[PDB]
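Novice: For reference, the structure I am asking about is given below.
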Amino acid sequence: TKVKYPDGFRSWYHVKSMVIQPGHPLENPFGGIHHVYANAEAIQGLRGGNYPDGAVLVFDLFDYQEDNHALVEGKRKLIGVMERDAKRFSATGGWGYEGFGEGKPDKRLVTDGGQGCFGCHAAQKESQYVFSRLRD
Amino acid sequence: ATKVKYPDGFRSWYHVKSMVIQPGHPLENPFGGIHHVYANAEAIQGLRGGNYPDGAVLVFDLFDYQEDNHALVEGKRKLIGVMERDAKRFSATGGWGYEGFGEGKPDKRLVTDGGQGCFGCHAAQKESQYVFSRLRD
Ligand code: HEC
Ligand code: HEC
Ligand SMILES: [Zn+2]
């Protein structure tokens with residue numbers, strides 16, 4: 001029913017990164033530099049298999065500071081989490097969605113059972129609701 | 001110096017940090033783009049405040065980016081820079097060997113001077129064993 005905090009996510013495989021700057025549609029509240037991490041089970045789905053139960057993707061979001069035309073990572077704003085479990089999270093397409101303010105376990109952000117996150121991710125139905133693609 | 005080994009499988013290693021260097025910045029040429037730093041297990045012992053065992057490898061992975069409606073999106077890989085720790089083998093440049101691979105390709109080795117040019121800049125970080133990156137949370 002609740003998404004588990006993903007302890008140890010920082011040592012998982014770095015899928016990709018992206019910078020969202022002011023003015024982008026997703027600025028609020030996804031503005032900043034973000035990195036996507038996948039555990040072993042999520043890698044299987046990214047590589048083209050089905051996502052097994054227990055797959056986890058993390059969206060790791062940092063503020064940045066612009067300093068002499070370099071963007072430098074500042075403080076972590078939040079993490080977004082998707083946890084695969086076809087049965088428990090069937091209401092939201094088999095993924096449970098949670099946000100943790102500042103990446104801390106006790107700061108849960110989602111208040112609508114994940115429906116809001118799910119409504120945008122539904123656009124990626126064809127890729128099992130995941131936007132990120134593996135690059136080399 | 002012997003050759004620095006191409007770091008096979010580095011994409012699976014621990015992601016240390018990232019930074020974006022944009023036009024105007026002093027390092028735009030040649031380090032412009034979005035870069036990511038990776039470290040293998042031995043390098044982590046060194047980054048943690050331990051000492052660096054021989055066999056520690058750090059990788060700087062550099063991508064061009066594109067601007068897309070107030071997002072910077074990663075484009076093509078321009079190169080990877082590699083530091084491979086071997087105190088005796090690479091003593092001429094501080095115990096680390098330095099190599100670049102154009103577009104990340106094993107056959108596109110870039111360094112022609114034994115790593116002296118790369119070392120000239122990293123020597124500023126003598127105090128941290130020639131490594132600029134710091135571990136974060
Ligand atoms: C559209 C309006 C979105 C909403 C609302 C949410 N997310 Fe999403 N998310 C979106 C995009 C475009 C992306 C891809 C970013 C990229 O670098 O390409 C993401 C990514 C994630 C991920 C990473 C896995 C993936 O699908 O690519 C996670 C773990 C994730 N998002 C979680 C998440 C949660 C918990 C949300 C509600 C609190 C949520 N997202 C909303 C677009 C949108
Ligand atoms: C100054 C003019 C530099 C020269 C020349 C080279 N590098 Fe360097 N390097 C420099 C900086 C400021 C940084 C830090 C980037 C960051 O995000 O903080 C780096 C980093 C690396 C790394 C990563 C490990 C570390 O020291 O932080 C590697 C593996 C690396 N650089 C390799 C490398 C090689 C192979 C070079 C010559 C081909 C080289 N660097 C030159 C600054 C400068
Ligand atoms: Zn605009």
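Here's how to read the names in the structure tokens: chain A, B, ... by the order shown, residue numbers from 1 in each chain, ligand numbers from 1 in the order shown.
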Kindly provide, as number ranges by chain, all nucleotide and amino acid residues lying within 9 Å of ligand 2, counting only C-alpha atoms and all ligand atoms.

Specialist: A: 72; B: 16-20, 26-27, 30-31, 35-39, 57-61, 80-84, 97-101, 110-111, 115-122, 124-125, 129-134

Novice: Hey, which residues sit close to ligand 3? Say within 7 Å, counting only C-alpha atoms and all ligand atoms, and write them as an mmCIF file with C-alpha atoms, in the first residue's frame.

Specialist:
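Saved result, out08.cif, follows:
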data_model
loop_
_atom_site.group_PDB
_atom_site.id
_atom_site.type_symbol
_atom_site.label_atom_id
_atom_site.label_comp_id
_atom_site.auth_asym_id
_atom_site.auth_seq_id
_atom_site.Cartn_x
_atom_site.Cartn_y
_atom_site.Cartn_z
ATOM 1 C CA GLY A 23 10.245 28.301 -17.948
ATOM 2 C CA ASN B 69 12.268 24.440 -24.351
ATOM 3 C CA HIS B 70 14.184 25.286 -21.144
#

Novice: Near chain A, which residues of chain B fall within 6 Å when you count only C-alpha atoms, and what do they look like as a PyMOL selection string?

Specialist: chain B and resi 12+14+19-22+24-25+70-73

Novice: Which residues are close to residue 87 in chain A, i.e. within 12 Å by only C-alpha atoms, leaving aside same-chain residues fewer than 4 positions away? Reply as a list in words.

Specialist: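 Counting only the stated atoms, we get residues 1, 52, 53, 54, 83, 91, 92, 93, 94, 95 and 96 of chain A.
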
Novice: Name each residue within 6 Å of ligand 1, counting only C-alpha atoms and all ligand atoms, as a CSV table (one decimal) with N, CA, C and O atoms, in the first residue's frame.

Specialist:
chain,number,residue,atom,x,y,z
A,17,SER,N,20.5,11.6,-17.2
A,17,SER,CA,20.3,12.9,-16.4
A,17,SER,C,19.7,13.9,-17.4
A,17,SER,O,19.7,13.7,-18.6
A,18,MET,N,19.2,15.0,-16.8
A,18,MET,CA,18.5,16.0,-17.6
A,18,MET,C,18.5,17.3,-16.7
A,18,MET,O,18.4,17.2,-15.5
A,36,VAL,N,18.4,9.7,-13.1
A,36,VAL,CA,17.5,8.6,-13.0
A,36,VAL,C,18.4,7.4,-12.7
A,36,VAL,O,19.4,7.2,-13.3
A,57,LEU,N,12.6,2.5,-9.9
A,57,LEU,CA,13.3,3.6,-10.6
A,57,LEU,C,13.2,4.8,-9.6
A,57,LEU,O,12.2,5.0,-9.0
A,58,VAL,N,14.3,5.6,-9.6
A,58,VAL,CA,14.4,6.8,-8.7
A,58,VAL,C,14.7,8.0,-9.6
A,58,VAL,O,15.6,7.9,-10.5
A,59,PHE,N,14.0,9.1,-9.4
A,59,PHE,CA,14.3,10.4,-10.0
A,59,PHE,C,14.9,11.2,-8.9
A,59,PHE,O,14.2,11.5,-7.9
A,80,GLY,N,11.8,11.2,-6.5
A,80,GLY,CA,10.6,10.5,-7.0
A,80,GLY,C,10.9,9.1,-7.1
A,80,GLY,O,12.0,8.7,-7.5
A,81,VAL,N,9.9,8.2,-6.8
A,81,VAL,CA,10.1,6.8,-6.8
A,81,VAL,C,9.0,6.1,-7.5
A,81,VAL,O,7.8,6.5,-7.3
A,82,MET,N,9.3,5.1,-8.3
A,82,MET,CA,8.4,4.2,-8.9
A,82,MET,C,8.7,2.7,-8.5
A,82,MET,O,9.9,2.3,-8.7
A,97,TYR,N,3.7,5.1,-6.9
A,97,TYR,CA,4.5,6.4,-7.0
A,97,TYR,C,4.6,7.1,-5.7
A,97,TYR,O,3.5,7.3,-5.0
A,98,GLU,N,5.8,7.5,-5.3
A,98,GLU,CA,6.0,8.3,-4.0
A,98,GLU,C,7.0,9.4,-4.3
A,98,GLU,O,7.9,9.2,-5.2
A,99,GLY,N,6.9,10.5,-3.5
A,99,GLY,CA,8.0,11.4,-3.5
A,99,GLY,C,8.5,11.6,-2.0
A,99,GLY,O,7.7,11.4,-1.1
A,110,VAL,N,3.3,12.4,-1.6
A,110,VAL,CA,2.1,12.2,-2.5
A,110,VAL,C,0.9,12.0,-1.5
A,110,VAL,O,0.9,11.4,-0.5
A,116,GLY,N,-1.9,11.6,-9.4
A,116,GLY,CA,-1.5,12.7,-10.2
A,116,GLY,C,-0.2,12.3,-11.0
A,116,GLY,O,-0.1,12.6,-12.2
A,117,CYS,N,0.7,11.6,-10.4
A,117,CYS,CA,1.9,11.2,-11.1
A,117,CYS,C,1.5,10.2,-12.2
A,117,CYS,O,2.0,10.3,-13.3
A,120,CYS,N,0.1,11.6,-15.7
A,120,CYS,CA,1.1,12.0,-16.7
A,120,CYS,C,1.9,10.8,-17.3
A,120,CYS,O,2.1,10.7,-18.5
A,121,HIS,N,2.3,9.9,-16.4
A,121,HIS,CA,3.0,8.7,-16.9
A,121,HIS,C,2.1,7.8,-17.8
A,121,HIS,O,2.7,7.0,-18.5
A,130,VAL,N,7.2,4.1,-18.4
A,130,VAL,CA,8.5,4.7,-18.1
A,130,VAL,C,8.9,5.6,-19.2
A,130,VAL,O,8.7,5.2,-20.4
A,131,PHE,N,9.4,6.8,-18.9
A,131,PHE,CA,9.8,7.7,-19.9
A,131,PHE,C,11.2,7.5,-20.3
A,131,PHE,O,11.6,7.6,-21.5
A,132,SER,N,12.1,7.2,-19.3
A,132,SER,CA,13.6,7.2,-19.5
A,132,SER,C,13.9,6.0,-20.5
A,132,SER,O,13.3,4.9,-20.4

Novice: Of the candidates B:86, B:8, B:28, B:54, which one gets nearest to residue 106 in chain B if we count only C-alpha atoms?

Specialist: B:8

Novice: So, with only C-alpha atoms as the atoms that count, which of A:114, A:8, A:74, A:49 lies closest to residue 102 in chain A?

Specialist: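 Checking each candidate against residue 102 in chain A, we get A:74 as the closest.
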
Novice: Among range 13-130 of chain B, which ones does DSSP assign to strand (DSSP E or B) (computed from the backbone)? Answer as a PyMOL selection string.

Specialist: chain B and resi 14-21+33-39+57-67+71-85+96-102+109

Novice: Using only C-alpha atoms, find the one residue out of B:102, B:23, B:95, B:32 that sits nearest to residue 55 in chain B.

Specialist: B:95

Novice: Mind giving me the straight-line distance from CA of residue 45 in chain B to CA of residue 13 in chain B in Å, one decimal?

Specialist: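 We find that CA of residue 45 in chain B and CA of residue 13 in chain B lie 13.5 Å from each other.
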
Novice: Could you jot down the CA of residue 29 in chain A to CA of residue 15 in chain B separation for me, Å, one decimal place?

Specialist: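 Rounded to one decimal, the two atoms are 23.8 Å apart.
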
Novice: Which residues are near residue 101 in chain A? Cut-off 8 Å, only C-alpha atoms, ignore same chain within fewer than 2 positions. Put them as an MDAnalysis selection string.

Specialist: chainID A and resid 77:79 99 103:104 107:109

Novice: From the set B:11, B:103, B:96, B:67, which residue has the shortest atom-to-atom contact distance to residue 43 in chain B, counting only C-alpha atoms?

Specialist: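 Going through B:11, B:103, B:96, B:67 one by one, the smallest distance to residue 43 in chain B is for B:96.
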
Novice: Identify all residues of range 13-120 of chain A in helix (DSSP H, G or I) (DSSP on the backbone) and supply them as a list in words.

Specialist: residues 27, 28, 29, 30, 40, 41, 42, 43, 44, 45, 46, 90, 91, 92, 115, 116, 117, 118, 119 and 120 of chain A

Novice: If you keep N, CA, C and O atoms, can you produce a file of those selected residues as a short mmCIF file (atom, residue, chain, number, x, y, z; two decimals), in the first residue's frame?

Specialist:
data_model
loop_
_atom_site.label_atom_id
_atom_site.label_comp_id
_atom_site.auth_asym_id
_atom_site.auth_seq_id
_atom_site.Cartn_x
_atom_site.Cartn_y
_atom_site.Cartn_z
N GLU A 27 8.82 22.80 -14.48
CA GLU A 27 9.63 23.55 -13.51
C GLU A 27 9.16 23.33 -12.06
O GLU A 27 9.94 23.20 -11.11
N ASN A 28 7.84 23.31 -11.89
CA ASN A 28 7.18 23.17 -10.61
C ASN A 28 6.57 21.77 -10.65
O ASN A 28 5.76 21.51 -11.52
N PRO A 29 7.01 20.81 -9.82
CA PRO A 29 8.14 20.97 -8.93
C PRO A 29 9.40 20.18 -9.33
O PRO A 29 10.23 19.89 -8.46
N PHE A 30 9.57 19.88 -10.64
CA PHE A 30 10.72 19.09 -11.11
C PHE A 30 11.87 19.94 -11.64
O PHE A 30 12.78 19.44 -12.29
N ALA A 40 18.56 -3.50 -10.26
CA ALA A 40 18.82 -4.62 -11.18
C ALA A 40 17.55 -5.05 -11.88
O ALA A 40 17.52 -5.29 -13.09
N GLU A 41 16.45 -5.13 -11.12
CA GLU A 41 15.19 -5.57 -11.72
C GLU A 41 14.62 -4.56 -12.70
O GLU A 41 13.95 -4.92 -13.67
N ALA A 42 14.81 -3.26 -12.42
CA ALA A 42 14.31 -2.28 -13.38
C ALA A 42 15.13 -2.29 -14.69
O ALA A 42 14.59 -2.05 -15.77
N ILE A 43 16.43 -2.57 -14.61
CA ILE A 43 17.31 -2.67 -15.79
C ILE A 43 16.75 -3.72 -16.77
O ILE A 43 16.77 -3.54 -17.98
N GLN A 44 16.20 -4.80 -16.24
CA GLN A 44 15.63 -5.83 -17.09
C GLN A 44 14.51 -5.27 -17.96
O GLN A 44 14.31 -5.68 -19.10
N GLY A 45 13.67 -4.41 -17.37
CA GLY A 45 12.59 -3.83 -18.15
C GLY A 45 13.13 -2.76 -19.10
O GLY A 45 12.69 -2.65 -20.24
N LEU A 46 14.12 -1.99 -18.65
CA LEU A 46 14.65 -0.97 -19.55
C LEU A 46 15.28 -1.60 -20.79
O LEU A 46 15.24 -1.01 -21.86
N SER A 90 -2.15 -1.98 -8.66
CA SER A 90 -2.93 -2.17 -9.87
C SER A 90 -3.76 -0.93 -10.18
O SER A 90 -4.00 -0.63 -11.35
N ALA A 91 -4.16 -0.19 -9.15
CA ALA A 91 -4.91 1.05 -9.41
C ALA A 91 -4.08 2.04 -10.24
O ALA A 91 -4.62 2.84 -11.01
N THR A 92 -2.74 2.00 -10.09
CA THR A 92 -1.96 2.95 -10.86
C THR A 92 -1.06 2.22 -11.85
O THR A 92 0.12 2.55 -11.96
N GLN A 115 -2.26 9.22 -7.99
CA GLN A 115 -3.07 9.40 -9.18
C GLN A 115 -2.49 10.52 -10.04
O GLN A 115 -2.56 10.46 -11.26
N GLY A 116 -1.95 11.57 -9.40
CA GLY A 116 -1.45 12.70 -10.18
C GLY A 116 -0.22 12.31 -11.00
O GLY A 116 -0.12 12.58 -12.20
N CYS A 117 0.70 11.60 -10.36
CA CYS A 117 1.90 11.16 -11.06
C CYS A 117 1.49 10.21 -12.20
O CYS A 117 1.97 10.33 -13.34
N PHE A 118 0.57 9.28 -11.90
CA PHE A 118 0.08 8.28 -12.85
C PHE A 118 -0.58 8.93 -14.06
O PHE A 118 -0.41 8.44 -15.19
N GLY A 119 -1.30 10.03 -13.86
CA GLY A 119 -2.01 10.65 -14.97
C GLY A 119 -1.06 11.12 -16.07
O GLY A 119 -1.39 11.02 -17.25
N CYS A 120 0.13 11.62 -15.72
CA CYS A 120 1.08 12.02 -16.74
C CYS A 120 1.86 10.82 -17.29
O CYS A 120 2.09 10.71 -18.50
#

Novice: Here is a test: counting only C-alpha atoms, which residue of A:111, A:100, A:85, A:47 is nearest to residue 7 in chain A?

Specialist: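 Comparing A:111, A:100, A:85, A:47 against residue 7 in chain A, the winner is A:100.
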
Novice: Go ahead and compute the interatomic distance for CA of residue 4 in chain A and CA of residue 39 in chain A, in Å to one decimal.

Specialist: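 About the pair CA of residue 4 in chain A and CA of residue 39 in chain A: they are 13.6 Å apart.
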